[PDB]
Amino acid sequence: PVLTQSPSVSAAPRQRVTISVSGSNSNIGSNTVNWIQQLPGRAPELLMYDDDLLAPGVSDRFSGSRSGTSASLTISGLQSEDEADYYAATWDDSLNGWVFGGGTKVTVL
């Protein structure tokens, strides 16, 4: 993964959590960021796109941001169904293709 995130975070329900990803100028510095969610045992699905837009059918509790070569995904009011792996994705103009992060696990306690 050319994008790096934090590895793992465990949290109580209804708490705010913020995952972040760091890139470079060739990718996040000049291209919008998408967020992908994978619940345990399920296929990955699109969570957010265009830095801060909700993918169809995604809950109001997710928000996104991008600045410089970094981006973030915030979950307000953590729910049990949010326990999952979260991956950042973006376009890299140098590599000229999709680059991803290694993923961040959020565990709801």
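Don't overthink the numbering: it's just position in the shown sequence, from 1. For the two forms, the rigid core is made up of the largest set of C-alpha atoms that agree within 1.5 Å on superposition.
*Asks:* Out of 48-56 and 34-42, which shows the greater rigid core-aligned C-alpha deviation in 4 other deposited structures of this protein?
*Replies:* If we average over structures and residues in 4 other deposited structures of this protein, the farther stretch is 34-42.
*Asks:* Overlaying the structures in 4 other deposited structures of this protein on the rigid core, point out which of 6-14 and 96-104 has the bigger RMS C-alpha shift.
*Replies:* The stretch that sits farther from the shown form in 4 other deposited structures of this protein is 6-14.
*Asks:* Averaged over C-alpha atoms, is the B-factor higher for 1-9 or for 99-107 in this PDB entry?
*Replies:* Per the PDB record, 1-9.
*Asks:* Among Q38, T69, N34, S72, single out the one with the highest C-alpha B factor in the record, please.
*Replies:* Result of the comparison over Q38, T69, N34, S72: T69.
*Asks:* Classify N27 as lowest, middle or highest third according to the C-alpha B-factor given in the PDB entry, relative to its own chain.
*Replies:* Highest third of the chain for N27's C-alpha B-factor.
*Asks:* For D60, does the deposited CA B-factor place it in the lowest, middle or highest third of the chain?
*Replies:* Top third by C-alpha B-factor.
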